[PDB]
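One structure is given here, and the rest of the page talks about it.
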Amino acid sequence: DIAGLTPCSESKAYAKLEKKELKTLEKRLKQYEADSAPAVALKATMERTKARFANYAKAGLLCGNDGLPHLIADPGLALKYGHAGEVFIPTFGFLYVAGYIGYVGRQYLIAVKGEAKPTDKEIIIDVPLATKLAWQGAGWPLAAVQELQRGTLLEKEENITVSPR
Amino acid sequence: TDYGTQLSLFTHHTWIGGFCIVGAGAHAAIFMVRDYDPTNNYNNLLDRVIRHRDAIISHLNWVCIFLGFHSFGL
Amino acid sequence: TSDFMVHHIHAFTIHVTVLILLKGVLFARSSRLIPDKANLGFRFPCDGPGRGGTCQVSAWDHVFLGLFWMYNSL
Amino acid sequence: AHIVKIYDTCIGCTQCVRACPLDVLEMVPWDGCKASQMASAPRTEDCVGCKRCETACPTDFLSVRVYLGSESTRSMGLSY
Amino acid sequence: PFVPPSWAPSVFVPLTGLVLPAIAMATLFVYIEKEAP
Amino acid sequence: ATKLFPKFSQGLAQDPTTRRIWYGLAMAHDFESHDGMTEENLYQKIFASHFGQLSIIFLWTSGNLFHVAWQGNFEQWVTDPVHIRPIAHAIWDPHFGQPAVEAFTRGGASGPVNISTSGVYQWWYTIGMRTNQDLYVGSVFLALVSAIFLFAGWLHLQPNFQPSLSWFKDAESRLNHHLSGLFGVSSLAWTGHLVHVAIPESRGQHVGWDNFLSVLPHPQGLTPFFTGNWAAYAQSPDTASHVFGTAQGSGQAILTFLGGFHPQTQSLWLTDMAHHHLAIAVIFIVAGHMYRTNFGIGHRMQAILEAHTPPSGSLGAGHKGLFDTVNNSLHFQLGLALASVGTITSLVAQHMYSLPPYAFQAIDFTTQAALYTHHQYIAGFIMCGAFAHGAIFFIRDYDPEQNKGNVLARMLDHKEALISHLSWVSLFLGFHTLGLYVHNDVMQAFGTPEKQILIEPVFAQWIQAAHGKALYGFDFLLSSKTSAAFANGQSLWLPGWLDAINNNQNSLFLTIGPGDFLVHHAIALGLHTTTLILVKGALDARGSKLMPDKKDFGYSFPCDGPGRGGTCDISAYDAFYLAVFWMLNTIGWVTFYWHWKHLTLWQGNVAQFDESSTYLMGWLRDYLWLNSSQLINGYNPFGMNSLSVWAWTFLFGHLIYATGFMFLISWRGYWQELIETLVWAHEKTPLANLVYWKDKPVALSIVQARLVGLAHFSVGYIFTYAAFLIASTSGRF
Amino acid sequence: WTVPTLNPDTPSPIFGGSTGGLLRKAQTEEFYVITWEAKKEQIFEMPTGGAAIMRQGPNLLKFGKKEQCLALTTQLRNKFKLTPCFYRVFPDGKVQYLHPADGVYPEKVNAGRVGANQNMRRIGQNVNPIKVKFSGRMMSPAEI
Amino acid sequence: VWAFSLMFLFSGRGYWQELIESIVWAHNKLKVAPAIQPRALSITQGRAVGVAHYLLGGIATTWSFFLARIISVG
Ligand code: CLA
Ligand code: CLA
Ligand code: CLA
Ligand code: CLA
Ligand code: CLA
Ligand code: CLA
Ligand code: CLA
Ligand code: CLA
Ligand code: CLA
Ligand SMILES: CC1=C(/C=C/C(C)=C/C=C\C(C)=C\C=C\C=C(C)\C=C\C=C(C)\C=C\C2=C(C)CCCC2(C)C)C(C)(C)CCC1
Ligand code: SF4
Ligand SMILES: [Ca+2]
């Protein structure tokens, strides 16, 4: 398929790797009894391994010649061959949480900046204001775009300190 | 018979001893800087040590060089 | 022979660590480079780039170097 | 020898002279500040370059500057 | 031809390693400590 | 009192301490900082230095040729260049015992010799050298040329021979002569040598100075060139069964563009190289008539610079005044030259390993590894030098009043934005590459290799598919048979090129995977961080908020004292100093990647690299620990072999590196106090105080300490990696 | 005010001696001599290490560099409220008075002093290095 | 961690202060500059951080090597 890779559901090395992991786990399990805590723990780990391999093959991931999955970072290839869940959707998810945290911190700084002692509000966190801004940050992309359109997101050149060149 | 415990215990106690020795030197220097008073140490052992500190350091430096040569050169 | 050589290595490293710590203890108040080191305290970075450079003249820096030598020795 | 210079921003606070450990700086009369005094460096031949005077200067930017020059016996602070 | 003799390394290696460096070191050391008039 | 040394600095000569010798040795080439230095004298001194350097280079080349002709086995290596190891020179060491003598006695010699890794054998054999007489004649000729250059360097400093100041500033004439003469005529002469000597010698015909005036390089004899039927020169080329050095299957063509590599030597065709040099010679000669010097026609670089300002005012004044700030600043020209040279050096390393130009060079694995690593480290040092000289230009030769509103002033206008964005790129690359590596390491440690993140490098693989590689399956541009780009080269060079790029047995566009993607990101991190340190040091060299007057202190100075919280490593020299470590680390990563990928390719198991290059444990165990077993076994209680010298060099580099750590961690003050105690000890010792010093012993300066520690760090780093690389590649193959 | 004359027959503080004393520079290049007047006997700290006892009245000491003499001067002024003064002595016997230069300490302003090495401008008003390039030797933009 | 120590032991706070100034400019542009002015670590703090990381990295390296080896073959 893409870049000479084969799907994990039809790769021989993938199945051999799964059999290798299950074989070493079963080999470690043969030394214990049947109704003991280590045996139950090993069986739980084996079930987790089976579920993980089944879920990875079910997701349609592309495996290589080593039997391990590969991620598709190109937006066109991901949206064209059903690989948007690898690197596209998590990218936008991180962008939302990253801008979320950044906007919450920026709002807290700008809010405490006009007070009498901002340094005290920086070392001793004002939990009520921080909690209110944390709950209000859900609309961070909308607020950031509206701030950018109004011209209030950036500071002017004359109000920023610079070197003597 | 537990080689792991023996090796780990020896190494751990040795490291603690070395760190404590370095701390001892540090606090000796702290005392010499803050709590030392020359009005009560006119002609005692500490004053004489400070008086010939150059000789002490020079001989210790020479023995360090001699030991380094005869230890690493081999 | 190997035991003899490694024992001399240990003695040399111990002597160097002692040299750094003892030098930082005896020369903590004053030295031939800075006669008023006691006025600068126990823990200070330097006395400026003057006199060719006075980087790490405090007793704290001697403890800092003794830590590395103790690590090497141990 | 090192080059020690005094600029016109000196407020005559006399802190740089007290911080000098080899008696290089001094105070002379002046008419550019309220204290009517100004720092001077007439014995730069004895300066080592410790920059204690720069540390003790409170003006922004500094009024006393030290530039490392030719090294000698007095400038290197050697007792031998 | 330009081929050196068989004994050439046995004479040029000790020369370049002991004769030339000693003479060069002594000459340079004397030159550095020369006092100006 | 005042000493004679140094003669260029009376202030340093009056220094009565040991600092005088070190500073005089480290400031001898700083011509601008001497006593009584003018512009004309400065340029003349640089001219003499250039001649002396050229003489040294030519003498070194002649020495290599002479030693290969004397103690080497070039006459026997040409007959069997696959199973015979090249010999560098003999070894005459009285310290060697009997086992060392028989251990180093290899390569068919009669005594202890060194096996060369420089690759001069393949290069000389490809250009036409066959007998030792040729090497001897070349060595004698190069020695005489070096002597002439030395005499020229001495002659140009005497009166009636010193060039004027205006002569050194003739940019138009110098650039026209270098583009047309030093570049075009030299390339044309090389084409003449390839067509007249290299091509006939590779086909079994000995052509030398005694018979080249009577042997025709082509059966048509210059007629198709004058009649414009140049296509007749590419007729009847070397067939696929041609044997290098003999006439078996040899063609009669002299200028072709078959492409690919030779089937036997696995190197570039000589006819294609000759055709290449001819085309670039024509291009360089034509480009040599672009600037107006003395005949009215041509251009003026000042006019082209001043006539390149956008009307929107985006670049401010554009390039106005750039001609004066560059022609009058030697540091700017040196920085530009070093930047271009470093980039070209990296280009040379990549093109030589991927496209082997010398015969039987691909089979020599040690030659490839050593040459690539050598050129990459040299390029890294040269790049750091380019940025260092740029900082020197800002501190010493920048004039804000002359460069008002141009691109140069606008660089310092928004330097904070540049440093901030470089910091963001470096931070992002470092966090992500380290995070992915640690994640893969944890997955491999927990027994779940399928859980690690392996991003397929689809962009570089897409580029490879565009070049003609069909392994991925994109099938476009040169990969698709119905494309115009593919059908337009099928009659000129695409057959050989496609046959060579699709073959997985060469180094021409190797297959890449997630490990290659990750290590490429590490390379990008190293490049961006090194650029960040160098760029920040060059832009902040004239001053910042911490030191508003850093331009008045020079390029290199210790610090500004402990005031204002501390000003350690505030000069631009210190920025370069911290950047050298990042350059060494970046080149270390690129050379590690090259060595491991090629080692796994030569061993026939590329899957080992593809599966262990995603986690750092694989790099530490399967590459650094697995390939050093033979290196550290050079000498042991059971005896020694020829690999003991590399083991000694390995430990030597480790010792030098650790010694550099001392100058890097411990600082001056402690050492000065210790020295004072030693001074007292010597002055108060009988039978020894009679011998007094002529220079007062003092501790090394801060700048000198940084330089000494950096030098030891770099020397140990280079020697350690070179020893490990050569030992592992030589023992494995 | 008159420049003081060095009295070599001046009693010295009772000190047992140390290894941080004078070196060959005191006999080959120069050395320094610090003198002061003490109202009573008192144990003080030597700048080269050790504790000495300053005598009542005149007290003289020898040091290798000027920094040691000024450090002892500062210690005596700030801990015991005295007025010390020092000279630089050459091997030929020449004595040169150094501090205080005019008899008045430099922290306070005194009439008759002339300011030297003073720039009647600020740091930001200095010229670029390109303007001071190609001089007789390495010259900083602040030297002019 | 050990190699991380080399970042604090081979460099100085002046470079880091200027780099922090550039980062502060980036913050000031987007009005995200904290009221507490970010200052680089002090010289003494840089030395302490470097020696702490050096000791932790080396000691942890030897600890892992000794424990893994003595547990596997002991
Ligand atoms: C971050 C850098 C980056 C890089 C290095 C690439 C690289 C690539 N992209 Mg791309 N892309 C990017 C960002 C990037 N993209 C972003 C941010 C977006 C969101 C707008 C897209 C959305 C996108 C689409 C929709 C497509 C690609 C495609 C491609 C591949 C070929 C096209 C091309 O090179 O032109 C650059 C790509 C663009 C300018 C986007 C427009 C698509 C162009 C016009 C190509 C479409 C023509 C045709 C489908 C090509 C296929 C020929 C053949 C294989 C059938 C190539 C490997 C194509 C592909 O291979 O499909 C799987 C494809 O159709 N990308
Ligand atoms: C009985 C033991 C003892 C005691 C009571 C003291 C007491 C004191 N020491 Mg001292 N010292 C000791 C041992 C001791 N020390 C040892 C063993 C060493 C060698 C390392 C030192 C070296 C030393 C120096 C160099 C200095 C002191 C100083 C001081 C004084 C200030 C307190 C302080 O350090 O600041 C606060 C304490 C801290 C900030 C704790 C630091 C935390 C460290 C860095 C973390 C350790 C790593 C940890 C083990 C691993 C964690 C893993 C990580 C992933 C979380 C204080 C009176 C200082 C001083 O003289 O004051 C002027 C001084 O500069 N000590
Ligand atoms: C492997 C690196 C290295 C080496 C070789 C040294 C070496 C030395 N250190 Mg050092 N140190 C290091 C790392 C190193 N250190 C680091 C990283 C730090 C930072 C924490 C320090 C901090 C430090 C301090 C604080 C002190 C030293 C001191 C010393 C000296 C001790 C005297 C001695 O050992 O006698 C013998 C010398 C050696 C063993 C060095 C190697 C000599 C070789 C083996 C001999 C070869 C001779 C050869 C024939 C020469 C021919 C040359 C030819 C080309 C002509 C010694 C020269 C102490 C000192 O000043 O001296 C008392 C001191 O107090 N070091
Ligand atoms: C510092 C450690 C060290 C020591 C103890 C030795 C010792 C020795 N080496 Mg060796 N070597 C060393 C380091 C060392 N080496 C290093 C670091 C290297 C690598 C560069 C080498 C490389 C090397 C080579 C290549 C060779 C040796 C050889 C030798 C042997 C003979 C050397 C000789 O005869 O010279 C002569 C020595 C002297 C003239 C002076 C001796 C010092 C005297 C005894 C001290 C006097 C002080 C006295 C106490 C003062 C009293 C005070 C007053 C009351 C009088 C010898 C046993 C040779 C060998 O292999 O032998 C088989 C030889 O071939 N070494
Ligand atoms: C820069 C080139 C170069 C280099 C790196 C070497 C290196 C070497 N030569 Mg070789 N040599 C060279 C050029 C060179 N040679 C040339 C051009 C000739 C022809 C005249 C010779 C003739 C020669 C002979 C006959 C022998 C060597 C031998 C050797 C080896 C022993 C050490 C030695 O220096 O011997 C001596 C080197 C010379 C006599 C050449 C010096 C003559 C040139 C013109 C002087 C150059 C001055 C220099 C640039 C100034 C700066 C150097 C320094 C002062 C800073 C050594 C590996 C010996 C050997 O084979 O060991 C096994 C040996 O017997 N060489
Ligand atoms: C770079 C050039 C160079 C050369 C050519 C030599 C050559 C030699 N070295 Mg030497 N060495 C060197 C560098 C060099 N070394 C360096 C850089 C170091 C420091 C790492 C050493 C450290 C060293 C040691 C420790 C020893 C040697 C020894 C020897 C001798 C080997 C003994 C032997 O088996 O033969 C047979 C021996 C003989 C035939 C006796 C010859 C007597 C001398 C060497 C020649 C006559 C002296 C001559 C008149 C004076 C020359 C001085 C001149 C510069 C003015 C040999 C002649 C060994 C030795 O000295 O032998 C006892 C030994 O102990 N070397
Ligand atoms: C056609 C006339 C001509 C020619 C042939 C030259 C030639 C040269 N001039 Mg010159 N010059 C000229 C006219 C000319 N000049 C005029 C008219 C002026 C006055 C306006 C000047 C003013 C001038 C100055 C001020 C200087 C020179 C210098 C030089 C030397 C440069 C040294 C060098 O970089 O190596 C040669 C460089 C190359 C051959 C180009 C290499 C191209 C890339 C980098 C390499 C690619 C090639 C290939 C891939 C590598 C080979 C691989 C393998 C074989 C190893 C060089 C020999 C310098 C000098 O004097 O040195 C003593 C210098 O300072 N010239
Ligand atoms: C065409 C190349 C070129 C040229 C002409 C120059 C020219 C100049 N440089 Mg420069 N530079 C270059 C490339 C170049 N550089 C490169 C590639 C780097 C990166 C490494 C640098 C980094 C650099 C810095 C940081 C500085 C200069 C400076 C200077 C100026 C004077 C200092 C000097 O050279 O004195 C003489 C040079 C030396 C004495 C070299 C020092 C000794 C080294 C460390 C040798 C160590 C090697 C070691 C012994 C190897 C042996 C190992 C073995 C024994 C095991 C001068 C105009 C200085 C300056 O501008 O002054 C303000 C300055 O500070 N350069
Ligand atoms: C292994 C050693 C090491 C490491 C990791 C670094 C790392 C870094 N260097 Mg550095 N450097 C080093 C050695 C090292 N250096 C040495 C020896 C020198 C020569 C003195 C330099 C000189 C140097 C300069 C001059 C500069 C850097 C810069 C940087 C930063 C580059 C940005 C980046 O890549 O983001 C990635 C971030 C990281 C890799 C940080 C590590 C992330 C950690 C492991 C995560 C935290 C762990 C966990 C969550 C919490 C554990 C803590 C626990 C106590 C609770 C980066 C943090 C540049 C810079 O500042 O960039 C702006 C800069 O200008 N370096
Ligand atoms: C600091 C400083 C400086 C600067 C420096 C620098 C700037 C460096 C760098 C850098 C570098 C080192 C760069 C480089 C670059 C490169 C480039 C820019 C390129 C490119 C590309 C292209 C354009 C291509 C294209 C293509 C392709 C894609 C492929 C195929 C072919 C073709 C052609 C199509 C100086 C000294 C001046 C002075 C001032 C200061
Ligand atoms: S500290 Fe600065 S402002 Fe105050 S007197 Fe001295 S030079 Fe003038
Ligand atoms: Ca021939």
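Residue numbers (PDB author numbering), protein chains in the order written: chain A, 63 to 227; chain B, 382 to 455; chain C, 530 to 603; chain D, 2 to 81; chain E, 68 to 104; chain F, 2 to 734; chain G, 53 to 196; chain H, 678 to 751.
Using N, Cα and C, we set each Cβ at its ideal position, and we do this for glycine too.
**Asked** What is the rounded straight-line gap between the Cα of residue 341 of chain F and the Cα of residue 426 of chain F?
**Response** Indexing the sixth sequence from 1 puts residue 341 of chain F at position 340. Indexing the sixth sequence from 1 puts residue 426 of chain F at position 425. If I take the Cα positions, the gap works out to 24 Å.
**Asked** Hey, how far is the Cα of residue 112 of chain A from the Cα of residue 142 of chain A?
**Response** The residue labelled residue 112 of chain A in the question sits at position 50 within the first sequence. The residue labelled residue 142 of chain A in the question sits at position 80 within the first sequence. So the alpha carbons of these two residues sit roughly 29 Å apart.
**Item:** Inter-residue spacing [alpha-carbon to alpha-carbon] between residue 5 of chain F and residue 19 of chain F
**Value:** Counted from its first residue, the sixth sequence places residue 5 of chain F at position 4. Counted from its first residue, the sixth sequence places residue 19 of chain F at position 18. Their backbone Cα atoms lie some 14 Å apart in a straight line.
**Prompt:** Whose CB is closer than 6 Å to a heavy atom of ligand 11? List the residues in chain order.
**Reply:** D:7, D:11, D:12, D:13, D:14, D:15, D:16, D:17, D:40, D:57, D:58, D:60, D:64 and D:65
**Prompt:** residue 157 of chain A: beta carbon under 6 Å from a heavy atom of ligand 1?
**Reply:** Taking the first sequence and counting its residues from 1, the one referred to as residue 157 of chain A is at position 95. Not under cutoff, so the answer is no.
**Contacting positions in the segment 119–150 of chain A - beta carbon closer than 8 Å to chain F** = 124, 126, 127, 128, 129, 130, 131, 132, 133, 134, 135, 136, 139 and 149
**Asked** For residue 83 of chain G, does the three-state DSSP call read helix, strand or coil?
**Response** The residue labelled residue 83 of chain G in the question sits at position 31 within the seventh sequence. In the three-state reduction of the DSSP assignment, residue 83 of chain G falls in the strand class.
**Request:** With a threshold of 16 other CB atoms inside 10 Å of the CB of residue 137 of chain G, please say whether the residue is buried or exposed.
**Result:** Stepping through the seventh sequence from its first residue, residue 137 of chain G is reached at position 85. It counts as buried.
**Message:** I need the boundaries of the beta strand (DSSP E) containing residue 572 of chain C, first residue and last residue.
**Reply:** For the purposes of this step, residue 572 of chain C is taken as residue 43 along the third sequence, with counting starting at 1. From DSSP, residue 572 of chain C is part of no beta strand (DSSP E); its letter is neither H nor E.
**Request:** Starting from residue 300 of chain F, follow its DSSP beta bridges and name the residues at the other end.
**Result:** Translated into the one-based positions of the sixth sequence, residue 300 of chain F becomes position 299. Paired residue(s): F:292.
**Request:** Using the DSSP secondary-structure output, state which residues sit across from residue 115 of chain G in a beta bridge.
**Result:** Within the seventh sequence, residue 115 of chain G is the residue found at index 63, counting from 1. Under the DSSP definition of a beta bridge, residue 115 of chain G partners with G:84.
**Message:** Determine, for residue 35 of chain D, whether the minimum Cβ-Cβ distance to residues of chain C falls below 7 Å.
**Reply:** On the fourth sequence, position 34 is the one that residue 35 of chain D refers to. Not one chain C Cβ lies under 7 Å of residue 35 of chain D.
**Message:** For ligand 3, is there any heavy atom lying closer than 6 Å to the beta carbon of residue 685 of chain H?
**Reply:** Walking along the eighth sequence from the start, residue 685 of chain H turns up at place 8. Answer for residue 685 of chain H: no, Cβ out of range of ligand 3.
**Request:** Measure the CB-CB distance between residue 574 of chain C and residue 721 of chain H and report whether it falls below 7 Å.
**Result:** The residue you call residue 574 of chain C lines up with position 45 of the third sequence. The residue you call residue 721 of chain H lines up with position 44 of the eighth sequence. A contact, by the Cβ cut-off of 7 Å.
**Asked** With a cut-off of 7 Å, does the C-beta of residue 158 of chain G fall near any C-beta of chain D?
**Response** Here residue 158 of chain G refers to the residue found at position 106 of the seventh sequence. Interface residue, yes.
**Request:** Please look up how many angstroms separate the CB atoms of residue 205 of chain F and residue 498 of chain F, rounded, as I've assumed it's under 8 Å.
**Result:** Locating residue 205 of chain F in the sixth sequence gives position 204, where the first residue counts as 1. Locating residue 498 of chain F in the sixth sequence gives position 497, where the first residue counts as 1. The beta-carbon distance between residue 205 of chain F and residue 498 of chain F, rounded to whole angstroms, is 27 Å. This is too long to meet the 8 Å contact definition.
**Message:** Buried or exposed, going by whether 16 or more other CB atoms sit within 10 Å of the CB of residue 190 of chain G?
**Reply:** The sequence position of residue 190 of chain G within the seventh sequence is 138, counting from 1. Buried.
**Where residue 147 of chain G falls: helix, strand or coil (DSSP)** = By one-based count along the seventh sequence, residue 147 of chain G stands at place 95. Of the three classes helix, strand and coil, the one that applies to residue 147 of chain G here is strand, per DSSP.
**Request:** Examine chain E for any beta-carbon lying closer than 7 Å to the beta-carbon of residue 695 of chain F, and answer yes or no.
**Result:** The residue you call residue 695 of chain F lines up with position 694 of the sixth sequence. Answer yes: the Cβ-Cβ gap between residue 695 of chain F and chain E drops below 7 Å somewhere.
**Message:** By the three-class DSSP mapping on this structure, what secondary structure does residue 102 of chain E have?
**Reply:** For the purposes of this step, residue 102 of chain E is taken as residue 35 along the fifth sequence, with counting starting at 1. It is a strand residue.
**Prompt:** DSSP three-state call for residue 165 of chain G: helix, strand or coil?
**Reply:** Taking the seventh sequence and counting its residues from 1, one reaches residue 165 of chain G at position 113. Here residue 165 of chain G sits in coil by DSSP.
**Asked** Hey, is residue 701 of chain H's beta-carbon within less than 7 Å of any beta-carbon in chain C?
**Response** For the purposes of this step, residue 701 of chain H is taken as residue 24 along the eighth sequence, with counting starting at 1. Chain C, which has no Cβ nearer than 7 Å to the Cβ of residue 701 of chain H, makes this no.
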